[PDB]
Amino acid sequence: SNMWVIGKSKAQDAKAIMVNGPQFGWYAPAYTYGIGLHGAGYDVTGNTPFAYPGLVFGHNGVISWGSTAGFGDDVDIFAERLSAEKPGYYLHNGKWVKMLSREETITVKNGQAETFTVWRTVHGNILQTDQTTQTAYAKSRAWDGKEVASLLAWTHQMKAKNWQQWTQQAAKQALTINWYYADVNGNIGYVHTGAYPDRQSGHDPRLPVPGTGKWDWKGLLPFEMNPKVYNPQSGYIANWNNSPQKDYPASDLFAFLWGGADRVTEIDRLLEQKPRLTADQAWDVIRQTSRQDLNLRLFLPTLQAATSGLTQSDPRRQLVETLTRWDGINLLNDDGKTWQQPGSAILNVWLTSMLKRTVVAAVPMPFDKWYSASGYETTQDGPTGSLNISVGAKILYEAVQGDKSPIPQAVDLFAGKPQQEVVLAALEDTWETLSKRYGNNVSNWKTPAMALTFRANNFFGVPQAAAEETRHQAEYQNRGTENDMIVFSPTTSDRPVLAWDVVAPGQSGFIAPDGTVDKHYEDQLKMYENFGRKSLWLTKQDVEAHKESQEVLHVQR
(Lines of atoms letter the chains of each structure in order from A and count residues from 1; the text may use other names and numbers.)
(Lines give C-alpha, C1' and ligand atoms only; values in the text may rest on other atoms or scores of the structure.)
Protein backbone atom coordinates (compact mmCIF):
# COMPACT_ATOMS: atom_id res chain seq x y z
CA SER A 1 0.00 0.00 0.00
CA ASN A 2 1.30 3.43 -0.63
CA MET A 3 0.51 7.01 0.23
CA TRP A 4 1.94 10.39 -0.50
CA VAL A 5 0.80 13.50 1.39
CA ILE A 6 1.86 16.95 0.12
CA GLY A 7 1.72 19.94 2.47
CA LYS A 8 1.54 23.74 2.00
CA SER A 9 5.21 24.25 1.02
CA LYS A 10 5.14 21.56 -1.70
CA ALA A 11 1.61 21.96 -3.06
CA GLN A 12 0.86 24.08 -6.17
CA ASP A 13 -2.68 25.59 -6.46
CA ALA A 14 -3.87 24.08 -3.16
CA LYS A 15 -2.70 23.94 0.45
CA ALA A 16 -2.75 20.16 0.80
CA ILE A 17 -3.01 17.03 -1.35
CA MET A 18 -3.43 13.43 -0.16
CA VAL A 19 -3.16 10.43 -2.53
CA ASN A 20 -3.69 6.93 -1.16
CA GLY A 21 -3.40 3.49 -2.84
CA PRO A 22 -4.19 0.76 -0.29
CA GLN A 23 -3.05 -2.59 -1.81
CA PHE A 24 -5.33 -5.44 -0.85
CA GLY A 25 -5.28 -7.52 -4.08
CA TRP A 26 -8.08 -7.15 -6.76
CA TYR A 27 -11.58 -8.61 -6.39
CA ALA A 28 -15.11 -8.74 -7.79
CA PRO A 29 -17.16 -7.31 -6.30
CA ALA A 30 -14.89 -4.52 -5.08
CA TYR A 31 -12.90 -4.81 -1.92
CA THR A 32 -14.00 -1.37 -0.70
CA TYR A 33 -17.46 0.23 -0.38
CA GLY A 34 -18.32 3.92 -1.09
CA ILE A 35 -20.53 5.66 1.53
CA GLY A 36 -21.41 9.20 2.72
CA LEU A 37 -22.73 9.80 6.28
CA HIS A 38 -24.54 12.94 7.30
CA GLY A 39 -25.87 13.26 10.84
CA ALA A 40 -25.34 12.64 14.54
CA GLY A 41 -22.06 14.65 14.52
CA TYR A 42 -20.85 12.97 11.31
CA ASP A 43 -20.40 14.63 7.91
CA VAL A 44 -18.16 12.37 5.85
CA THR A 45 -17.52 10.96 2.36
CA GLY A 46 -15.18 8.16 1.16
CA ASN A 47 -14.93 4.35 0.81
CA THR A 48 -13.76 1.60 3.15
CA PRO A 49 -12.97 -2.11 3.05
CA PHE A 50 -15.92 -4.47 3.66
CA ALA A 51 -18.18 -1.49 4.51
CA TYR A 52 -16.73 -1.16 8.06
CA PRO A 53 -18.61 1.33 10.28
CA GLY A 54 -15.52 3.57 10.18
CA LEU A 55 -14.25 4.84 6.79
CA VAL A 56 -10.58 4.03 6.28
CA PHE A 57 -10.32 6.47 3.33
CA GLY A 58 -12.13 9.81 3.13
CA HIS A 59 -12.70 13.26 4.59
CA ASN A 60 -15.16 15.37 6.53
CA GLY A 61 -14.75 18.78 4.91
CA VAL A 62 -12.00 19.88 7.33
CA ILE A 63 -9.51 17.05 7.62
CA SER A 64 -8.73 13.96 5.50
CA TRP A 65 -7.23 10.58 6.47
CA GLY A 66 -5.71 7.43 4.90
CA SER A 67 -3.75 4.32 5.97
CA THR A 68 -0.99 1.85 4.91
CA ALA A 69 -0.13 -1.46 6.76
CA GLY A 70 2.53 -0.71 9.41
CA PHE A 71 4.42 -4.01 9.84
CA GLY A 72 5.74 -3.33 13.31
CA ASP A 73 6.45 -6.34 15.54
CA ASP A 74 3.43 -6.61 17.82
CA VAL A 75 3.16 -10.38 18.09
CA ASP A 76 5.62 -12.64 20.01
CA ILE A 77 5.35 -16.40 20.68
CA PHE A 78 5.57 -17.84 24.20
CA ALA A 79 6.97 -21.36 24.56
CA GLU A 80 4.80 -22.84 27.33
CA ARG A 81 6.07 -25.60 29.63
CA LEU A 82 3.65 -28.56 29.73
CA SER A 83 3.63 -31.67 31.94
CA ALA A 84 3.13 -35.28 30.79
CA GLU A 85 1.09 -35.90 33.96
CA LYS A 86 -1.39 -33.04 34.75
CA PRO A 87 -2.25 -32.27 31.14
CA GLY A 88 -4.21 -29.08 30.35
CA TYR A 89 -1.93 -27.15 32.68
CA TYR A 90 1.19 -25.11 32.18
CA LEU A 91 3.83 -23.68 34.44
CA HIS A 92 3.50 -19.97 35.08
CA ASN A 93 5.23 -18.11 37.90
CA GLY A 94 5.86 -21.19 39.97
CA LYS A 95 2.41 -22.83 39.88
CA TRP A 96 0.65 -25.20 37.45
CA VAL A 97 -2.09 -23.08 35.84
CA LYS A 98 -5.07 -24.54 33.97
CA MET A 99 -5.61 -23.60 30.35
CA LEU A 100 -8.83 -22.10 28.98
CA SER A 101 -10.39 -24.49 26.41
CA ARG A 102 -13.52 -24.51 24.18
CA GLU A 103 -14.98 -27.20 21.90
CA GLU A 104 -15.93 -26.42 18.29
CA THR A 105 -18.13 -28.34 15.85
CA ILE A 106 -17.68 -27.75 12.16
CA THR A 107 -20.92 -28.59 10.30
CA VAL A 108 -20.17 -29.75 6.74
CA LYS A 109 -22.57 -29.65 3.77
CA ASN A 110 -22.95 -33.27 2.51
CA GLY A 111 -20.48 -34.62 5.05
CA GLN A 112 -20.10 -35.57 8.71
CA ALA A 113 -19.51 -32.82 11.33
CA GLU A 114 -16.06 -32.43 12.91
CA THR A 115 -15.27 -31.36 16.41
CA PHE A 116 -12.00 -30.23 17.90
CA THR A 117 -10.76 -28.20 20.83
CA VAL A 118 -9.06 -24.76 21.01
CA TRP A 119 -6.66 -24.05 23.91
CA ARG A 120 -5.60 -20.74 25.41
CA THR A 121 -3.18 -19.66 28.15
CA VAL A 122 -2.50 -16.28 29.69
CA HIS A 123 -0.33 -15.48 26.63
CA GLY A 124 -2.91 -16.34 23.94
CA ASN A 125 -4.25 -19.19 21.79
CA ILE A 126 -1.99 -22.22 21.38
CA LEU A 127 -0.68 -22.42 17.80
CA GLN A 128 1.16 -25.72 18.07
CA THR A 129 2.51 -28.12 20.66
CA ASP A 130 5.66 -30.23 20.91
CA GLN A 131 4.85 -33.26 22.97
CA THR A 132 8.41 -34.54 22.60
CA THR A 133 9.68 -31.41 24.38
CA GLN A 134 6.36 -30.89 26.22
CA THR A 135 6.27 -27.36 24.82
CA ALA A 136 3.21 -25.57 23.46
CA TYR A 137 3.42 -22.29 21.56
CA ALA A 138 1.09 -19.44 22.41
CA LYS A 139 0.68 -16.51 20.06
CA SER A 140 0.60 -13.27 22.03
CA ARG A 141 -0.75 -10.14 20.36
CA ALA A 142 -0.23 -6.69 21.85
CA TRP A 143 -3.76 -5.69 20.64
CA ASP A 144 -5.51 -8.67 22.27
CA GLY A 145 -8.63 -7.32 24.05
CA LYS A 146 -8.63 -4.08 22.00
CA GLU A 147 -10.17 -5.25 18.69
CA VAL A 148 -13.49 -3.48 19.27
CA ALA A 149 -11.82 -0.30 20.54
CA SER A 150 -9.71 -0.19 17.35
CA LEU A 151 -12.84 -0.38 15.14
CA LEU A 152 -14.37 2.47 17.20
CA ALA A 153 -11.26 4.59 17.04
CA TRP A 154 -11.46 4.36 13.22
CA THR A 155 -15.09 5.51 13.41
CA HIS A 156 -14.72 8.32 15.94
CA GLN A 157 -11.73 9.86 14.18
CA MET A 158 -14.04 10.77 11.31
CA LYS A 159 -15.37 13.53 13.61
CA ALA A 160 -11.98 15.17 14.43
CA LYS A 161 -11.45 18.70 13.25
CA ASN A 162 -7.75 19.01 13.90
CA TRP A 163 -4.50 17.27 14.80
CA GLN A 164 -5.10 17.23 18.57
CA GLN A 165 -8.51 15.62 18.26
CA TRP A 166 -7.35 13.22 15.57
CA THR A 167 -4.33 11.97 17.57
CA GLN A 168 -6.50 11.21 20.52
CA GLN A 169 -8.28 8.66 18.39
CA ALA A 170 -5.04 7.46 16.83
CA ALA A 171 -3.85 6.64 20.35
CA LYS A 172 -6.72 4.15 20.72
CA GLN A 173 -6.16 2.31 17.46
CA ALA A 174 -4.21 -0.75 18.54
CA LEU A 175 -3.35 -2.57 15.25
CA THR A 176 0.02 -1.98 13.56
CA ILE A 177 -1.20 0.58 10.96
CA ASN A 178 0.23 3.82 9.54
CA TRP A 179 -2.33 6.70 9.74
CA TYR A 180 -2.10 9.93 7.74
CA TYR A 181 -3.66 13.37 8.18
CA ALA A 182 -4.22 16.45 6.05
CA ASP A 183 -6.39 19.55 6.65
CA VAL A 184 -7.97 22.66 5.13
CA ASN A 185 -5.13 24.82 6.44
CA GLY A 186 -2.40 22.77 4.76
CA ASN A 187 -1.12 20.91 7.85
CA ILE A 188 -0.09 17.27 7.27
CA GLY A 189 0.82 14.49 9.71
CA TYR A 190 1.62 10.83 10.21
CA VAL A 191 1.41 8.36 13.06
CA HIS A 192 2.59 4.73 13.10
CA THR A 193 -0.25 3.63 15.30
CA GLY A 194 -0.73 0.57 17.47
CA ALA A 195 0.03 -1.15 20.77
CA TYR A 196 3.67 -2.44 21.12
CA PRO A 197 4.88 -4.56 24.04
CA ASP A 198 7.24 -3.30 26.72
CA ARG A 199 9.68 -6.17 26.63
CA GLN A 200 12.09 -7.34 29.33
CA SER A 201 15.82 -6.67 28.81
CA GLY A 202 17.47 -9.25 26.59
CA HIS A 203 14.29 -10.41 24.84
CA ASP A 204 15.19 -10.81 21.12
CA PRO A 205 11.80 -10.18 19.41
CA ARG A 206 12.56 -12.39 16.38
CA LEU A 207 12.51 -15.65 18.32
CA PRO A 208 10.29 -17.38 20.90
CA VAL A 209 10.54 -16.73 24.66
CA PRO A 210 9.87 -19.20 27.49
CA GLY A 211 6.34 -18.72 28.86
CA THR A 212 7.17 -19.68 32.47
CA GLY A 213 7.06 -16.09 33.82
CA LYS A 214 10.37 -14.23 33.67
CA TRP A 215 10.00 -13.22 30.01
CA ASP A 216 6.44 -11.90 30.28
CA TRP A 217 5.98 -8.44 28.79
CA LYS A 218 5.99 -5.65 31.38
CA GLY A 219 3.06 -3.88 29.73
CA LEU A 220 2.61 -1.83 26.54
CA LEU A 221 4.75 1.16 25.55
CA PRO A 222 3.05 4.53 25.80
CA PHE A 223 1.76 6.41 22.77
CA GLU A 224 4.58 8.97 23.15
CA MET A 225 6.90 6.18 21.79
CA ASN A 226 4.90 5.68 18.56
CA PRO A 227 6.80 7.18 15.61
CA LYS A 228 4.91 10.29 14.47
CA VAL A 229 5.64 13.61 12.72
CA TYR A 230 3.58 16.75 12.10
CA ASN A 231 4.38 19.26 9.34
CA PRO A 232 7.74 17.62 8.43
CA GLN A 233 10.58 19.83 7.23
CA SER A 234 10.50 18.08 3.85
CA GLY A 235 7.00 19.26 2.85
CA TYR A 236 5.72 15.71 2.32
CA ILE A 237 5.03 12.28 3.80
CA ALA A 238 5.53 9.12 1.70
CA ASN A 239 5.17 5.51 2.52
CA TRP A 240 5.14 2.22 0.71
CA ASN A 241 5.27 -0.07 3.74
CA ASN A 242 8.84 1.02 4.45
CA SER A 243 10.22 1.88 7.83
CA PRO A 244 8.50 4.62 9.82
CA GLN A 245 11.70 5.88 11.41
CA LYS A 246 15.40 5.41 12.06
CA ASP A 247 16.04 2.42 14.37
CA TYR A 248 12.46 1.15 14.37
CA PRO A 249 12.36 -2.65 14.21
CA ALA A 250 10.13 -4.40 11.64
CA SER A 251 7.86 -7.39 11.92
CA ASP A 252 9.74 -10.60 12.79
CA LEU A 253 8.66 -12.23 9.49
CA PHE A 254 11.70 -13.91 7.88
CA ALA A 255 10.50 -12.70 4.47
CA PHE A 256 10.11 -9.06 5.62
CA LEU A 257 12.98 -6.56 5.80
CA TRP A 258 13.56 -2.83 5.86
CA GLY A 259 16.99 -2.42 4.27
CA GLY A 260 18.83 -0.08 1.94
CA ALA A 261 16.88 -1.38 -1.07
CA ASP A 262 13.26 -0.27 -0.58
CA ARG A 263 10.51 0.55 -3.13
CA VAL A 264 9.53 3.80 -1.36
CA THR A 265 12.61 5.41 -2.96
CA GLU A 266 10.63 5.32 -6.25
CA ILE A 267 8.03 7.68 -4.75
CA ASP A 268 10.61 9.91 -3.09
CA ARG A 269 12.54 10.47 -6.35
CA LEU A 270 9.32 11.67 -8.06
CA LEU A 271 8.28 14.00 -5.21
CA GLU A 272 11.78 15.47 -4.93
CA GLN A 273 12.02 16.05 -8.68
CA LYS A 274 9.71 19.07 -8.72
CA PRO A 275 9.75 21.95 -6.26
CA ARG A 276 5.91 21.97 -6.15
CA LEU A 277 3.20 19.61 -7.45
CA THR A 278 -0.38 20.17 -8.59
CA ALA A 279 -3.23 17.72 -7.94
CA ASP A 280 -2.93 16.40 -11.51
CA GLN A 281 0.80 15.73 -11.03
CA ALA A 282 0.24 14.09 -7.61
CA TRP A 283 -2.31 11.86 -9.31
CA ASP A 284 0.13 11.06 -12.13
CA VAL A 285 2.57 9.50 -9.62
CA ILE A 286 0.11 6.60 -9.53
CA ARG A 287 0.69 5.89 -13.20
CA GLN A 288 4.54 6.16 -13.03
CA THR A 289 5.01 4.02 -9.92
CA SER A 290 2.46 1.48 -11.25
CA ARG A 291 4.67 0.73 -14.24
CA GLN A 292 8.15 0.99 -12.69
CA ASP A 293 10.48 -2.02 -12.50
CA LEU A 294 11.75 -2.02 -8.89
CA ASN A 295 15.08 -3.80 -9.41
CA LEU A 296 16.59 -1.73 -12.17
CA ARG A 297 17.74 1.11 -9.93
CA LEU A 298 19.23 -1.32 -7.45
CA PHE A 299 21.52 -3.46 -9.61
CA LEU A 300 22.18 -1.41 -12.75
CA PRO A 301 25.44 0.14 -11.39
CA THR A 302 26.76 -3.38 -10.48
CA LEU A 303 25.94 -4.68 -13.98
CA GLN A 304 27.59 -1.66 -15.58
CA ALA A 305 30.76 -2.03 -13.52
CA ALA A 306 31.11 -5.70 -14.30
CA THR A 307 30.70 -5.44 -18.13
CA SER A 308 32.72 -2.26 -18.51
CA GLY A 309 35.83 -4.07 -19.85
CA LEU A 310 33.96 -6.37 -22.23
CA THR A 311 33.93 -6.04 -26.00
CA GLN A 312 31.05 -4.71 -28.11
CA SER A 313 30.15 -8.17 -29.39
CA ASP A 314 30.08 -9.93 -26.02
CA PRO A 315 26.41 -10.73 -25.49
CA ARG A 316 26.66 -10.19 -21.67
CA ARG A 317 27.53 -6.59 -22.44
CA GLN A 318 24.77 -6.11 -24.92
CA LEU A 319 22.29 -7.22 -22.29
CA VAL A 320 23.61 -4.46 -19.99
CA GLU A 321 23.49 -1.84 -22.76
CA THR A 322 19.81 -2.60 -23.42
CA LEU A 323 19.17 -2.04 -19.67
CA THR A 324 21.19 1.18 -19.69
CA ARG A 325 19.03 2.67 -22.44
CA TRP A 326 15.79 1.84 -20.53
CA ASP A 327 14.09 4.08 -17.91
CA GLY A 328 12.51 1.01 -16.28
CA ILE A 329 8.94 1.99 -17.16
CA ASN A 330 7.04 -1.06 -18.57
CA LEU A 331 4.59 -0.28 -21.43
CA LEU A 332 2.36 -2.73 -23.37
CA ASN A 333 2.84 -3.38 -27.01
CA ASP A 334 -0.14 -2.99 -29.40
CA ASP A 335 -0.92 -6.69 -29.05
CA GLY A 336 -2.03 -6.22 -25.42
CA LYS A 337 0.26 -8.98 -24.18
CA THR A 338 3.96 -8.28 -24.46
CA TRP A 339 6.14 -5.55 -23.03
CA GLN A 340 7.88 -3.02 -25.30
CA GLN A 341 11.32 -3.66 -23.76
CA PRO A 342 12.80 -6.91 -22.40
CA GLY A 343 14.33 -5.40 -19.23
CA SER A 344 12.20 -7.07 -16.59
CA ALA A 345 12.78 -10.46 -18.23
CA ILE A 346 16.57 -9.98 -18.15
CA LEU A 347 16.58 -8.79 -14.51
CA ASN A 348 14.34 -11.65 -13.53
CA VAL A 349 16.62 -14.25 -15.08
CA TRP A 350 19.81 -12.60 -13.86
CA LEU A 351 18.49 -12.16 -10.31
CA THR A 352 17.32 -15.77 -10.07
CA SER A 353 20.81 -16.89 -11.10
CA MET A 354 22.59 -14.44 -8.77
CA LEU A 355 20.56 -15.62 -5.78
CA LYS A 356 21.15 -19.27 -6.58
CA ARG A 357 24.93 -18.61 -6.63
CA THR A 358 25.05 -16.41 -3.45
CA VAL A 359 22.31 -16.28 -0.76
CA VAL A 360 20.81 -19.63 -1.58
CA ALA A 361 24.21 -21.37 -1.41
CA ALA A 362 24.98 -20.07 2.11
CA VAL A 363 21.74 -21.31 3.66
CA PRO A 364 21.04 -24.92 4.56
CA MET A 365 18.14 -26.80 3.00
CA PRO A 366 15.32 -26.48 3.22
CA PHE A 367 15.61 -22.84 4.24
CA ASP A 368 17.43 -22.01 1.04
CA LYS A 369 14.05 -21.87 -0.81
CA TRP A 370 13.05 -18.86 1.29
CA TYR A 371 15.71 -16.76 -0.47
CA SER A 372 15.49 -17.90 -4.07
CA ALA A 373 12.56 -15.85 -5.49
CA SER A 374 13.46 -12.94 -7.71
CA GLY A 375 10.27 -11.10 -6.92
CA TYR A 376 8.75 -11.32 -10.41
CA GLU A 377 7.00 -14.60 -9.65
CA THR A 378 3.48 -14.63 -11.02
CA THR A 379 1.06 -16.76 -13.07
CA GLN A 380 -1.36 -16.27 -15.97
CA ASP A 381 -3.84 -14.38 -13.80
CA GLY A 382 -0.97 -12.13 -12.58
CA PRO A 383 0.26 -11.08 -9.16
CA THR A 384 -2.18 -11.43 -6.26
CA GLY A 385 -0.85 -8.23 -4.69
CA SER A 386 1.81 -5.63 -5.01
CA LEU A 387 5.18 -6.18 -6.64
CA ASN A 388 8.09 -5.76 -4.18
CA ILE A 389 11.86 -6.26 -4.01
CA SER A 390 12.33 -9.86 -2.73
CA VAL A 391 14.01 -10.68 0.57
CA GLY A 392 16.87 -12.48 -1.27
CA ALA A 393 17.34 -9.38 -3.41
CA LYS A 394 17.46 -7.07 -0.33
CA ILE A 395 20.10 -9.29 1.27
CA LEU A 396 22.01 -9.45 -2.05
CA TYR A 397 21.91 -5.63 -2.25
CA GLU A 398 23.68 -5.31 1.12
CA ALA A 399 26.32 -7.79 -0.15
CA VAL A 400 27.11 -5.88 -3.30
CA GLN A 401 27.42 -2.68 -1.29
CA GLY A 402 30.62 -3.86 0.33
CA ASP A 403 31.78 -2.06 3.45
CA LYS A 404 29.25 0.68 2.62
CA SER A 405 26.51 -1.57 4.07
CA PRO A 406 25.99 -1.32 7.83
CA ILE A 407 25.24 -5.07 8.01
CA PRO A 408 28.24 -7.16 8.95
CA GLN A 409 28.80 -9.81 6.33
CA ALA A 410 29.51 -12.73 8.64
CA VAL A 411 29.63 -15.07 5.63
CA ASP A 412 31.01 -13.89 2.29
CA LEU A 413 28.16 -14.51 -0.05
CA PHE A 414 30.49 -14.38 -3.06
CA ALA A 415 32.51 -17.25 -1.48
CA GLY A 416 36.02 -15.89 -2.23
CA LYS A 417 35.33 -14.88 -5.83
CA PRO A 418 35.49 -11.28 -6.96
CA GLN A 419 31.88 -9.98 -7.35
CA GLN A 420 32.40 -9.18 -11.01
CA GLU A 421 33.06 -12.81 -11.80
CA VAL A 422 29.81 -13.92 -10.16
CA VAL A 423 27.91 -11.13 -11.90
CA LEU A 424 29.33 -12.13 -15.33
CA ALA A 425 28.60 -15.79 -14.78
CA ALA A 426 24.91 -15.01 -13.99
CA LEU A 427 24.81 -12.76 -17.03
CA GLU A 428 26.03 -15.74 -19.14
CA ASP A 429 23.24 -17.86 -17.70
CA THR A 430 20.77 -15.10 -18.63
CA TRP A 431 21.96 -14.86 -22.19
CA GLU A 432 21.80 -18.66 -22.60
CA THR A 433 18.23 -18.92 -21.29
CA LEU A 434 16.76 -15.95 -23.16
CA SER A 435 18.53 -16.26 -26.56
CA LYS A 436 17.44 -19.90 -26.65
CA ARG A 437 13.75 -18.93 -26.43
CA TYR A 438 13.78 -15.68 -28.38
CA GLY A 439 16.85 -15.89 -30.60
CA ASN A 440 19.90 -13.63 -30.81
CA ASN A 441 18.37 -10.40 -32.01
CA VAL A 442 17.57 -8.59 -28.77
CA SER A 443 15.69 -5.73 -30.53
CA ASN A 444 12.80 -8.08 -31.50
CA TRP A 445 12.43 -9.83 -28.17
CA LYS A 446 8.69 -9.66 -27.31
CA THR A 447 8.53 -10.73 -23.64
CA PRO A 448 5.29 -11.46 -21.83
CA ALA A 449 3.60 -8.73 -19.79
CA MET A 450 1.94 -9.35 -16.41
CA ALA A 451 -1.87 -9.03 -16.51
CA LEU A 452 -4.36 -8.26 -13.69
CA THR A 453 -7.33 -10.35 -12.46
CA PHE A 454 -10.32 -9.10 -10.35
CA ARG A 455 -10.95 -12.42 -8.60
CA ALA A 456 -14.36 -13.89 -7.67
CA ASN A 457 -12.84 -15.60 -4.62
CA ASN A 458 -11.93 -13.37 -1.74
CA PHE A 459 -8.50 -13.14 -0.14
CA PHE A 460 -9.18 -16.18 2.05
CA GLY A 461 -9.78 -18.31 -1.09
CA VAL A 462 -13.56 -18.34 -0.53
CA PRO A 463 -16.09 -17.55 -3.25
CA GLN A 464 -17.87 -14.23 -2.94
CA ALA A 465 -19.12 -14.16 -6.52
CA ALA A 466 -19.64 -16.89 -9.19
CA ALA A 467 -16.51 -17.83 -11.21
CA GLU A 468 -17.81 -16.10 -14.35
CA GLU A 469 -17.83 -12.81 -12.41
CA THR A 470 -14.03 -12.72 -12.64
CA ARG A 471 -12.71 -9.74 -14.64
CA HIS A 472 -9.53 -9.40 -16.56
CA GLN A 473 -7.32 -6.43 -17.18
CA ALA A 474 -4.57 -6.66 -19.79
CA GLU A 475 -2.14 -4.33 -17.98
CA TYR A 476 -0.85 -5.21 -14.48
CA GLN A 477 -0.51 -2.04 -12.39
CA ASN A 478 1.45 -1.93 -9.13
CA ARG A 479 -1.15 0.38 -7.54
CA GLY A 480 -3.88 0.60 -4.91
CA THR A 481 -6.92 -1.67 -5.17
CA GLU A 482 -8.65 1.71 -5.03
CA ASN A 483 -7.03 5.17 -5.43
CA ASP A 484 -8.45 8.28 -3.74
CA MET A 485 -7.29 11.87 -3.83
CA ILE A 486 -8.30 14.77 -1.54
CA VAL A 487 -7.33 18.34 -2.40
CA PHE A 488 -7.73 21.05 0.26
CA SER A 489 -8.19 24.75 -0.52
CA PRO A 490 -7.94 24.55 -4.29
CA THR A 491 -7.15 27.94 -5.85
CA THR A 492 -9.18 26.73 -8.89
CA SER A 493 -12.65 26.33 -7.31
CA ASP A 494 -14.76 28.04 -4.63
CA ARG A 495 -15.11 24.77 -2.75
CA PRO A 496 -12.78 24.34 0.25
CA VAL A 497 -12.23 20.63 -0.57
CA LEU A 498 -12.31 18.48 -3.76
CA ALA A 499 -12.01 14.67 -3.56
CA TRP A 500 -12.05 11.79 -6.06
CA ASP A 501 -11.92 8.00 -5.93
CA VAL A 502 -12.47 4.96 -8.16
CA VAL A 503 -14.06 1.76 -6.81
CA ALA A 504 -13.90 -0.95 -9.49
CA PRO A 505 -15.65 -2.84 -10.76
CA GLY A 506 -18.46 -0.72 -9.26
CA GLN A 507 -20.37 0.18 -6.15
CA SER A 508 -22.93 -2.61 -6.53
CA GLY A 509 -22.41 -6.33 -6.80
CA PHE A 510 -26.14 -7.05 -7.15
CA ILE A 511 -27.43 -9.52 -9.72
CA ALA A 512 -31.22 -10.22 -9.73
CA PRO A 513 -32.55 -13.77 -9.74
CA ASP A 514 -33.27 -13.48 -13.52
CA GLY A 515 -29.57 -12.60 -14.11
CA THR A 516 -30.14 -8.89 -14.64
CA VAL A 517 -27.02 -7.04 -13.47
CA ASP A 518 -27.31 -3.85 -11.41
CA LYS A 519 -26.81 -0.56 -13.27
CA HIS A 520 -23.71 0.14 -11.15
CA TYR A 521 -22.16 -3.36 -11.32
CA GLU A 522 -19.22 -2.44 -13.61
CA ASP A 523 -19.47 1.21 -14.54
CA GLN A 524 -16.06 1.93 -12.90
CA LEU A 525 -14.02 -0.83 -14.52
CA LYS A 526 -12.72 1.04 -17.61
CA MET A 527 -12.11 4.13 -15.50
CA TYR A 528 -9.74 2.10 -13.28
CA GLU A 529 -7.85 0.75 -16.31
CA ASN A 530 -7.32 4.26 -17.80
CA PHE A 531 -6.23 5.90 -14.53
CA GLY A 532 -9.46 7.89 -14.45
CA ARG A 533 -11.46 8.84 -11.31
CA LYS A 534 -14.95 10.09 -10.27
CA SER A 535 -15.85 12.96 -7.88
CA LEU A 536 -16.73 12.27 -4.27
CA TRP A 537 -19.48 14.60 -2.99
CA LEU A 538 -19.84 15.89 0.60
CA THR A 539 -22.12 18.97 0.78
CA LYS A 540 -25.93 18.68 0.50
CA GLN A 541 -26.03 20.91 -2.54
CA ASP A 542 -23.56 18.73 -4.39
CA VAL A 543 -25.35 15.54 -3.35
CA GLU A 544 -28.73 16.93 -4.48
CA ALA A 545 -27.31 18.21 -7.75
CA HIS A 546 -25.96 14.75 -8.61
CA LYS A 547 -28.81 12.65 -7.21
CA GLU A 548 -29.95 9.70 -9.28
CA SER A 549 -32.47 8.39 -6.73
CA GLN A 550 -33.91 8.80 -3.26
CA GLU A 551 -35.47 6.49 -0.67
CA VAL A 552 -37.00 7.61 2.63
CA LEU A 553 -37.47 5.31 5.63
CA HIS A 554 -39.44 5.94 8.81
CA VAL A 555 -38.26 3.67 11.64
CA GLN A 556 -38.31 3.65 15.35
CA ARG A 557 -36.06 1.76 17.56
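Numbering starts at 1 and runs along the sequence shown.
Annotation for 510-518 versus 62-70: the higher mean temperature factor (C-alpha) is found in 510-518. Of the two segments examined, 132-140 and 189-197, it is 132-140 that shows the higher average Cα temperature factor in the deposited entry. Between the residues 245, 384, 457, 330, the entry's highest C-alpha temperature factor is the one at 384. Each of 227, 213, 87, 235 has a CA temperature factor in the record; the biggest one is found at 87.
In the deposited entry, the Cα temperature factor of residue 206 places it in the middle third of its chain's modelled residues. Among all modelled residues in its chain, residue 491 ranks in the highest third by Cα B-factor. In this PDB entry, the Cα temperature factor of residue 478 sits in the bottom third of its chain's modelled residues, the lowest group. Per the deposited record, the Cα B-factor of residue 81 falls in the highest third when ranked against the other modelled residues of its chain.
When the CA B factors of the chain's modelled residues are split into thirds, the value for residue 367 lands in the highest one.
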